[PDB]
Amino acid sequence: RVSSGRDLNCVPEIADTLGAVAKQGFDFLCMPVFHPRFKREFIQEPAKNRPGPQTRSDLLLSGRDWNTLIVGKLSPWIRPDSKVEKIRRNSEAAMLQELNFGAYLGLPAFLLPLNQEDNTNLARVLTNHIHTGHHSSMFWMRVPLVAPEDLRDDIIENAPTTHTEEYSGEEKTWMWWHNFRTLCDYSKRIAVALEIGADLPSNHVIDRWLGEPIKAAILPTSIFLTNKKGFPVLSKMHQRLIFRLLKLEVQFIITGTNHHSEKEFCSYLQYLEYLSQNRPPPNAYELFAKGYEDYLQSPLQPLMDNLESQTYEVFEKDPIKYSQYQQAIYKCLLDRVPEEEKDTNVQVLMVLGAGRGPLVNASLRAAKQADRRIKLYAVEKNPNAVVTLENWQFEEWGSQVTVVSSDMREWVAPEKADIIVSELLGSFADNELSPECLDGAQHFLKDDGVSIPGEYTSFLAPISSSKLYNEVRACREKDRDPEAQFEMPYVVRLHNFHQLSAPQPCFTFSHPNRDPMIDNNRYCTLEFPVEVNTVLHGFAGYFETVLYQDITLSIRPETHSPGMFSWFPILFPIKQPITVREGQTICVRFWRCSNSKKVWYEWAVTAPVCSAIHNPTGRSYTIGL
Amino acid sequence: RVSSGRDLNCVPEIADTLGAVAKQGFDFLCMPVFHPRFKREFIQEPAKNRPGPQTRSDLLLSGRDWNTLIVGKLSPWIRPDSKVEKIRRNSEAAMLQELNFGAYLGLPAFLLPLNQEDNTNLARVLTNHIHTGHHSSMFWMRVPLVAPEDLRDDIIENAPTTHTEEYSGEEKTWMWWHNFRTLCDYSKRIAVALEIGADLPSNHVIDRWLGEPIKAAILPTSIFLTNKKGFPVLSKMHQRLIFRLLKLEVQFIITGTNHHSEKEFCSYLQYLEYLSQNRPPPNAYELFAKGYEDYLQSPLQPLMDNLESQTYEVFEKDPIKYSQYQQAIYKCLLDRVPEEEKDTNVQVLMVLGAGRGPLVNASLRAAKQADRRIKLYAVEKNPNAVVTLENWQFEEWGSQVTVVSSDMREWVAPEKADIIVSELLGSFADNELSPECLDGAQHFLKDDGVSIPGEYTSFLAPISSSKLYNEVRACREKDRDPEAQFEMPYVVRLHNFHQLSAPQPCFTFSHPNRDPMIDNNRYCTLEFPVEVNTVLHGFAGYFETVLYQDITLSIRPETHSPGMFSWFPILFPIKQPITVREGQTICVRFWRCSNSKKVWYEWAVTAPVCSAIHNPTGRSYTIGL
Amino acid sequence: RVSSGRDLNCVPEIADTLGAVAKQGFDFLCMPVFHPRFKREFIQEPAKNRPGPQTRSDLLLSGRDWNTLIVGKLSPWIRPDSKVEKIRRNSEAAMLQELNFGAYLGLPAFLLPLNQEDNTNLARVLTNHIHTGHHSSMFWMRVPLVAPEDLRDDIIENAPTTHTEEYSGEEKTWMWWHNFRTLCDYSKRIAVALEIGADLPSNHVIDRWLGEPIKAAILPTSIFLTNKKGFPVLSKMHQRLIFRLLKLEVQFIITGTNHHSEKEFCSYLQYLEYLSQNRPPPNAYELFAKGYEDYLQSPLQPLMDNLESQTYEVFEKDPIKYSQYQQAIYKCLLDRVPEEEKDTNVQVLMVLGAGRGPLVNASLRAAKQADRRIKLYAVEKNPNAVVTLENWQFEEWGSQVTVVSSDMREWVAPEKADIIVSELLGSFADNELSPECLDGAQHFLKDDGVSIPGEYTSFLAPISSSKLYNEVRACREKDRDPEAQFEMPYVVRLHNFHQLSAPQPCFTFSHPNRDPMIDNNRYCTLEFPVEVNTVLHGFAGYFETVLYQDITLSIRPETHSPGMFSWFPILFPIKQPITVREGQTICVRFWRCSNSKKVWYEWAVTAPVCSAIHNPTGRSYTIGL
Amino acid sequence: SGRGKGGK
Amino acid sequence: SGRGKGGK
Amino acid sequence: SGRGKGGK
Ligand SMILES: Nc1ncnc2c1ncn2[C@@H]1O/C(=C/[C@@H](N)CC[C@H](N)C(=O)O)[C@@H](O)[C@H]1O
Ligand SMILES: Nc1ncnc2c1ncn2[C@@H]1O/C(=C/[C@@H](N)CC[C@H](N)C(=O)O)[C@@H](O)[C@H]1O
Ligand SMILES: Nc1ncnc2c1ncn2[C@@H]1O/C(=C/[C@@H](N)CC[C@H](N)C(=O)O)[C@@H](O)[C@H]1O
C-alpha cells in the first residue's frame, strides 16, 4: 500500500547497498550519483585536469534498476547562488554535469535542495537543462516545513531565538518553493519533496502547502518517538499529517541513521505501514470517485448532445438520487389527492427528459406507495434512449406510460400535467440548461401544477490549487486561442486543493417561473473573506436543489447528500494566479448570458486585483440550446 | 494467436446468438443493429409515424459486451447514392440514425459497404458523423478484391463476360476505396475490411492493397475447398494471401452459411488456426523489431546530443556489427605488419567515437587473433560514456588504452594513427555527420593510414504506404509550421508498404578524403522505373558500408547483413501523395546541404509531377554540427 | 498643427451645429447620437412600445462626415453598474443599442465615462460589443485627473473636505482606468480621454498617466484664466501639462459654454494654437527620430546577417560618432609615436568590420591631423560592402589601404597591429557580439597594442508603459510560441513611458581581454529603488563606451552624446505586468549566455514578485555567431 | 463520472 | 531501436 | 534607424 524510499548520503558499494535497502522493505534509494565530498574544478589548472573516472560506472546496475530504484541527489557543495563568482561558475558546470548524468542513467527522479531564500541561478540552470533533450524525468525540490534557522536550539547567548509570532515569517519556506517554481514557469516536471521536522509548525504553515504538487514526504528518523516496547512511533499531530499525505498518495522517504539502535531499521517503515492499514475506510462516494481525483472532465451537455448508453448507465448507479425523487413525488401525490378522492382522481405526471426510464419507474413506485392513481408521459429528445423506453413500454409499463420522442420545448402536449418531473441539472445547477427547458415546457403544466424540482441554487467558493492550475494550463490545443482552456469550466473531483472561503449562493431559478418574459440572464457579485495567505487559481462550483418541500439534493460540501455521486464539483479557472494576503477580500463577478442559440458564463475577479473578463461573448465556451 | 469474428445477417435472439458464436471460438460478432429488412420512412406520412421501438434495446447486453464483442453493420437498403431522390434522403437519415445508435452503444467498429463506383454521398454522410461528438469508433469499409460484376458466372446469353485483360479495370475496387478515403480526407478512423473471393485476381490487383489500412479480411465459407476427410481447407494461392494478411495482424471475419454441413462450423476457424501455427518462425531481426513495425522514430543525433546509457546498451546488443569490425581490423593489421615485424611494429589505433568501449574491445580481440601489437586511443565527446570508458580503463584495459574526452575535430593528437576506427553511421549512412567528423580527424591519420569504414553509400527507393502517409500526417504539432512533419526523415521499420522500384545509390563518401576542400554538399537526380499503378508517399532510405576490402555492412534489403538490427530504414515523406501509372518514371532530386552550424537534406519529385522542394534551408529539419 | 474637437451635449440641428463648429476652426464634434434626456425602456409595457423614430436619421450627414467629423457620446442616464436591477438591465440594452448605432454610422470614436470606482458591468457590455462584428472603431474612456468628489467646494457643514494627504487616494481615477482596461483585457481599441480640472493635482497623480494610451485631452472652458485684454489663457502649470500632451500628439477637446462671453468662442482654440506654435523646436536627434516614437524594431545583427546598402547609409549619416572615433585615433597616434619618430614610425592600423569605409576615412583624417604615418587594413566579412571598399581603394585610397574580405576571427593577419579600430556595438553594447569578435581578433594585436573601443558597459532601467506592453502583445505570430514576443529585446525610440529608477550598470567588457579563457558569459543582479506607485512592463537598455581615455560615446539618457542618433534604446519586456507600490524595490536578474553557435540574454524579476525566467536557453531569441 | 466526459 | 528515438 | 530593422 505505502510506497517508500531510503535516503542515504553514503553508498560505499552500490550493489550491496541496494540489496540491504530492498531487504529492509524499501521500494527505492535516494543516493548521490557523484561522491558528495568530491568537489570538482572546471576552470582553473591544475585541478581542472584531474584524471581518472569522475564517478562510478553505469554498468554497476541494470537499466531497469537505474530507471526504477534510484533517485539522484545533487552534491551538497553545488552552490549556484554563492556570493563567490568562482563557486557560482564551478557550481553551474557541476550542476549541469550531475543533471546530465542523471538523464544519461534514466533516473525516474532527481533531488535538489531549496535551503535558502535565493535560488535564482539554481532555477536558471534547472530551466536550461529542462529545455535540453529528454523530457521525462522528475525534479523533486527538497524543502522543509520549517527552515533550519527557525528550529535551531536557543543556545547562542548573543543571538536569542525569536519568541514572537511572525505569521508570514513562519511561512517563509513556501515562498522559497513559490519563487523557484514561478522562475521555472510551472514546469510539470518540478515537484515538492516536503521535509518534516521534530516539531510541527502552526496549522497555517502546514495548510500553506495545500494544492501544491507534493510527490514525496521526507521523514528523518530523529522525529520518531519511542514507545514502552522501544519501537519508533510518531506524535498524534505527526500522525494527523501522515494521514493527510497518504490521501495525496505521496512517496515517503526515510532519512538519517537508526536512532532505535536495539530495535532494527525496517521498524520505521513498519510503523508507516501500521498507520496506512489503520486509517478510515473510504465511503460509497470515495470508493466510486477513486481514479477521478483532480481529473479534469468536460461538463456533459445532454441538450446539445445525445448521451451514450453507458453515460445513462452511470447516472442509474446512484441509489440516493432516485429514492429522493420517489419520496418527492410520493409527498406531492398525497398533498394533491385527498384520501376520499383515491380511486377517482388520476394525476397526470410528465417525466421531462426521461433518459432510459428511472424517473418513470420512480414515479410508478411513488404512486404505489402513496396508494394513488397516475397517468404517465415519458418525454425524451434522444432517439437512442427512446429505443430503451419503447422496449420498456411494450414489455413492462403498458398503456399507463406514453413514451414521447420529442424536445419538451416543441411538444404539443394533448393534456395538461398535474406534476412535471425532471432531472436536467448540471454540477453548477443551471449549466445543462434546465431553466430554458422547463420554461418551454411550462405552458403544459396546469395553473396549480407542481414542478419537481421546484428550485435550485448554484454556489461558488474561491480555491487554491497550483496542481489544478497546471492541469488546466496543459489543456492548450492546436487551432484555438492559446488561453481558451482557462475560459471554460471543468467537472472535477477536487482533491489537492484549499477552499479559501465558505461557498456563497450565486444563481437561483424557480419552477414554475411567474416573472413574465422570464429572463434567465443573470449578474452576481460575491465578496469572500480570506483568513490565510494564499494564491487564487479558480472557483469551485456546487449546487442545491429543492425537489419538493424538505426533500432536497445537494453537492455543497457542508450539506452534501450522503452517498450521492451523480455530480462532482465544477471548476472555473482564472488565466493568471492571484496573490491573496490574510484578511483580504476576494471579490468575484459572474454572469449568465445567452442569445437564442447558446447560453454561457462570463466571470472576473475585481478584488484584491482585477483579472480579465473570462469567456466574453462565449468565445471559448458555450452551452448549445 | 488469430483474432476472428463471425458475420451474420440473421440474429433472432442477441444473447443466444452471441453464446453460440463464442462457443464456436469466435472473438466477435458482426451483426445488424436494426433489422436488415426493416426499411424506415422519415419524410412521408403515414409510414413516417410507424409506432413501437425502432430496434432492440441496449439493455440486452452489458456495456463491456457492446464495447468489445459487437461490430455494427449498415442496413442493406441504405443507399445514399441512389438515383431516386426519395431513397437518397431516407437513406441519409437512416445512415445517420444507425451510425448514431452504434456510437450510442459504444461499438468498437461499424461495417459499411463499398459496392459500386459512386459513394460520394455515403462519404459525405460519414464525414459529417465523424465531425459530430465521440471520436473513438472505427469504420470498416467492406470492399471486395474482385467486384461482383467481374466474377459473375458467364450465363447471360446476350451479355458475355469480358475474356480480355483490362489491367486497370481489374483494379477497379481499389479506386472505389481510394476515392472514398480521399473524400473523407484520410480519417484514421476509416479502414478496410477486404473481402476475398473463390478465385483470386492477378497479383497486381492483390499488391494494389499494399500499404493500405487493412483492419479485417472477410472470408466467405464458399471460398473454402474440401479435403479427403471432408474438412474445409484453402487453395495454395489463398493460403499465400492468408500468410501476408497474418503479418499485417488483420482480424479475420467468417461470413456465409456452413457449406461443410456434416463437419461442424468451428472447422473454418480451426483451419485458420492451423495456418497461423504452421507459418515460418520469426528470425533474430524480426523478433528484435517486434513492436516497431511502422512506428515512426526521430533519427538519433549522436553528435548534437549525448546519447543515454540504454541507447549505447541497445547498440551493444547487435552481435553481427562488432564481429564485422573485428574481422576488418584483423585483416588490416595483417596487411600492415608482415610476420617478421610481429614483435617490433606497434600499430597506433584510434577508436573515434568510442561510446562505452565495444570497438575498443573489438580492436583488442582483433590484435590478439592477428597476433599483432597495438597502441589504442579511445576518443569520445560524450562525458557520460567517458565515465564507463574510464572505469573500463582502470579495471581492465590498463595503459594499452588511452581514453580521450574530446571532440575528434578539436583533439590535438600526440601521435599519428595507422588506423582510425569509427561507427558514426546513421540509417542513411552520412545522416549522423560521419563525413564532417572524419574530415576533422583526418589530419592525425598517417599518410599511408587506413580509415575503418573506408567508404559508405546511401540508397533510396520510392514507396507506397497510405498507412505511413497518415502516420506522418498525425505528427502535426503546436507552435511550428503545420506541414513540418512532412519535411523531415523518420527512422522506421517499414512494414505495411510497397517498394515501387529497386533501391538506387544516392550519396557516397570515402575516407581518407583526398579531394581538397572536401565539399560534403551533394546533388543527386534519380530516375525510378515503375511497373505498377500506385500512389507515391515517400522514399525509403538505406545504406551500405565497406569496413575494409570485402568486409561490409548493409541494410539495403537485397544485400542486408544477416541478423544485423542496429539500423532500421529511414523514410523521407512527401507533403502530397503522387499518382503514378504503370510504365511511368518517378524522378526524385536529393540535396545534402550545410553551413558551418548545420547539415540538412532537401528533396523534390520532378516526374511524373513536380512536388514542392521539401525542407528548404533546413526550415523543418537540421542535423547539428 | 493641433487637432481639436468641440464637445457638445445639445445639438438642436446636426447640419447647422457642424457648420458653426467647423467655422470656429474645430476638426471634429463629440456629440450625443440619441437625445441625452431620451430615457428608453426595453422590458416593461407600455413605455417599451414607444413609437416613432428612436433617434435622428443617418441621412442627415454624408458617410465621410460620420466617418471623420463625429465622435459619439454615451447617454448620461446609462448606468450599467446601478444598484437597481431594472436600471442595470435597461442600461445594458441601451448601451448595446447606442454602441451598435455608432458602429452602424461608422463613427471613428465613441466616448464612455469612467465616473465611479465600479464599472465592471460597463466593461462586460463593452467587451461583448468589441467581440461582435466590425473591429475598427475606438473607445475613448472619459476619466478625470481629479474625481468630482475630490474637487467639490468645501461648503457642506456636516461633511468637510479632507485636508490630509492621501497619496494613493489622490491617484484613485488611475485605478478606475486600470481596472476597466484590465477587465477589457488591454484591447487596443480602448484609450483614454483625460479630463483636466481648474486645479491640477500633485505631480505624482499627473505622472501616474505616463505610458498610458492617451488619445485625447479634455479642456473645460472653466479652467481658462483671463488676461488684461480679456482673452482666455492658462496657468503656467496648465501650460506645462499642455506641452507634455502635445508631445503625445493628443487631440484636444474643448467642453463647456463660452465663459469669455465678450471675446468670441474660437479664442480658446486660438490659445491652444499659440501654445503649439510657441514650443521648443526639435533638436537634430528629435528631428531624426520623428516617426520612430514607440515603433518596435528588431535589433540589427551585423554578424549573422549581411547589412544592406541603405543600412550602412543610415549609419554614415551620424556626424558625431565618426568625429569621436577620429579624435580617439588622433590622441592614440600622438601617445604611441613621439614627435622625433614622426617620419620613421609607421603605425599599423586595422579597421575590424569596415562596412563601406567611414572608419578607414576617419583613421586617415586622424593620421593627417596628428601628422603621423599609418599603414591601414580594412577588414570586412560582408562581400557586398567589400565591393564599395574595393572601389574606394582603387579610386581614392591606394596602396596605403589593404581591403581584406574576411571574418576577423578567421583572418591570418600578415603583420601585427598597433591599433585595432571597430564599431561592433549594439543598443545594449555587447548585443551585436563585439566581445566574441574582438576576442578572436586579439591574437593579431601587438603586446602593447590598443583596441578602440577600450571598454563598454550596458545599463538597465525599469520602465512603465502600458502603450509599449500592448505594442509587444500584438507581435504574436503563427507557428511560434504564443508568448515568444515577450522573450526578445526590441530596438525602440521610447516615448510614451515612465522611467522608474536611475539606470544602473549591467555588463562590462574590456579590450584587449587579459583574463585567460575570457568567459563572456555573465550574471547580474540589480536592485532598483522605486519612489512611485506604478506598473512594471520591462527594462530600458542603454550603453556607454570608452573609445580612448576621455573620448566616449553614450546613449545613457543622463550622459547622452549630443546629436548622436546611431542607437535608439533597447527594451526587454516582461510577459506579465508587475504592480509596484511606492517605496518598494524592483530586483531584476540578467544573464548573458552562449554556446559555440549562439549568444542570448535571459532575464527575470525577483522582487516585489517573481516573474518566469524569460528566454531560457534562447528559445525565443538568439544572436548568431 | 460525476457529470463529466473526456479528459485523458 | 534501429537508430531511432521518440515516437508515441 | 537607431540600430533597428523591421516593425510594421
Ligand atoms: N429539451 C429537452 N427535451 C427532452 N429531453 C431533454 C431535453 N433536454 C435534455 N433532455 C434529456 O433529458 C435528459 C436528462 C438527464 N439529465 C437525466 C436522465 C434521466 N432522467 C436519469 O435521471 O437517469 C437526457 O436524457 C436528455 O436527452
Ligand atoms: N566529433 C565527435 N567526436 C567524438 N565522439 C563523437 C563525435 N561525434 C560523435 N561521437 C560519438 O561517437 C559515437 C558513436 C556511435 N554512433 C557508436 C558508439 C559505439 N562506438 C558503439 O558502436 O557502441 C557516440 O558515442 C558519439 O558521442
Ligand atoms: N567577425 C566579423 N568580421 C568582420 N566584419 C565583421 C564581423 N562581425 C561584424 N562585422 C562587420 O562590421 C560591421 C560593423 C558595423 N557595426 C559598423 C559599420 C561601419 N564601420 C560604420 O561604422 O559605418 C558590419 O559591416 C559587419 O559586416
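Reminder, nothing fancy here: chain letters follow the sequence lines and each chain counts from 1. Atoms within a ligand are numbered from 1 in the order they appear, just like the ligands themselves.
Looking only at atom types and distance, the side chain of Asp439(C) has a donor-acceptor partner in the side chain of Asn520(C) under 3.5 Å away.
For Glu380(A) (side chain) and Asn382(A) (main-chain N/O), a donor-acceptor pair under 3.5 Å exists by modelled atom type. In this structure, the side chain of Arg409(B) does not engage the main chain of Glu436(B) through any donor-acceptor pair within 3.5 Å. The closest donor-acceptor contact from the side chain of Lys5(E) to the backbone of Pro299(B) lies under 3.5 Å. Of the possible donor and acceptor atoms, one in the side chain of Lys381(A) sits under 3.5 Å from a partner among the backbone N and O of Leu303(A). In this structure, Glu432(B) contributes its side chain and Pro302(B) its backbone to no donor-acceptor pair below 3.5 Å. A donor-acceptor pair under 3.5 Å is absent between the side-chain atoms of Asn384(B) and the main chain of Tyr104(A), judged by distance alone. One N or O on the side chain of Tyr325(C) and one on the backbone of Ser422(C) form a donor-acceptor pair closer than 3.5 Å. Formation of a donor-acceptor pair under 3.5 Å by the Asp305(A) side chain with backbone atoms of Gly133(B) is not found in this model. With hydrogens and angles disregarded, no donor-acceptor distance shorter than 3.5 Å links the side chain of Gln326(A) to the backbone of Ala362(A). Formation of a donor-acceptor pair under 3.5 Å by the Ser434(C) side chain with backbone atoms of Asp430(C) is not found in this model.
Ligand 3 has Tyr322(C) within reach: a non-hydrogen atom of the residue lies less than 4.0 Å from it. Taking a 4.0 Å cut-off on heavy atoms, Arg3(F) registers as neighbouring ligand 3. For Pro358(B), the heavy-atom gap to ligand 2 drops under 4.0 angstrom.
For atom 6 (C) of ligand 1, the nearest protein heavy atom (residue, atom name, distance) is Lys381(A) CG, 3.5 Å. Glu380(A) OE2, 2.6 Å is the protein heavy atom nearest to atom 27 (O) of ligand 1. With hydrogens left out, the protein atom closest to atom 24 (C) of ligand 1 is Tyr312(A) OH, 3.6 Å, a heavy atom. Protein heavy atom nearest atom 19 (C) of ligand 1, with residue, atom name and distance: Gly353(A) O, 4.0 Å. Looking at atom 3 (N) of ligand 2, its nearest protein heavy atom turns out to be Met408(B) N, 3.0 Å. Looking only at protein heavy atoms, the nearest one to atom 17 (C) of ligand 1 is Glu423(A) O, 3.2 Å. For atom 1 (N) of ligand 1, the nearest protein heavy atom (residue, atom name, distance) is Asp407(A) OD1, 2.8 Å. Of the protein's non-hydrogen atoms, the one nearest atom 8 (N) of ligand 2 is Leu303(B) CD1, 3.4 Å.
Residue contacts with ligand 1: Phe315(A) is placed with no nitrogen or oxygen under 3.5 Å of a nitrogen or oxygen of the ligand (distance criterion only). Residue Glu316(C) has no N or O atom closer than 3.5 Å to an N or O atom of ligand 3. The N/O atoms of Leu352(B), backbone and side chain alike, include none that comes under 3.5 Å of an N/O atom in ligand 2.
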For a side chain to side chain contact (heavy atoms under 4.5 Å, CB included) check, start with the C-alpha distance between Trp392(B) and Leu59(A), then their side-chain angles and the critical distance, and finish with the verdict.
CA-CA 10 Å; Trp392(B) 258 108; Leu59(A) 292 178; 3.6 Å; yes

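Between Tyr377(C) and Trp411(C), the two ring planes are tilted [angle within 30° to 60°]. Relative orientation of the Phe543(A) and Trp567(A) rings is perpendicular, given thresholds of 30° and 60° on the angle between their planes.
At a heavy-atom cutoff of 4.0 Å, ligand 3 is contacted by no atom of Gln301(C), backbone or side chain. The proximity of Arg356(C) to ligand 3, defined as any non-hydrogen pair under 4.0 Å, does not occur for either the backbone or the side chain. Of all the heavy atoms of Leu359(C), the ones lying under 4.0 Å from any atom of ligand 3 belong exclusively to the side chain. Within the 4.0 Å heavy-atom criterion, the part of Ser406(C) lying near ligand 3 is the backbone and not the side chain.
Residue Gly355(B) has at least one heavy-atom neighbour below 4.0 Å for each of these atoms of ligand 2: 25 (O). Close contacts of ligand 2 with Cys437(B), meaning ligand atoms under 4.0 Å from a residue heavy atom, involve 1 (N), 8 (N). The contact set between ligand 2 and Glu432(B), taken as ligand atoms under 4.0 Å from a residue heavy atom, comprises 16 (N). Close approach to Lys321(B) involves these atoms of ligand 2, each under 4.0 Å from a residue heavy atom: 22 (O). Close approach to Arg409(A) involves these atoms of ligand 1, each under 4.0 Å from a residue heavy atom: 1 (N).
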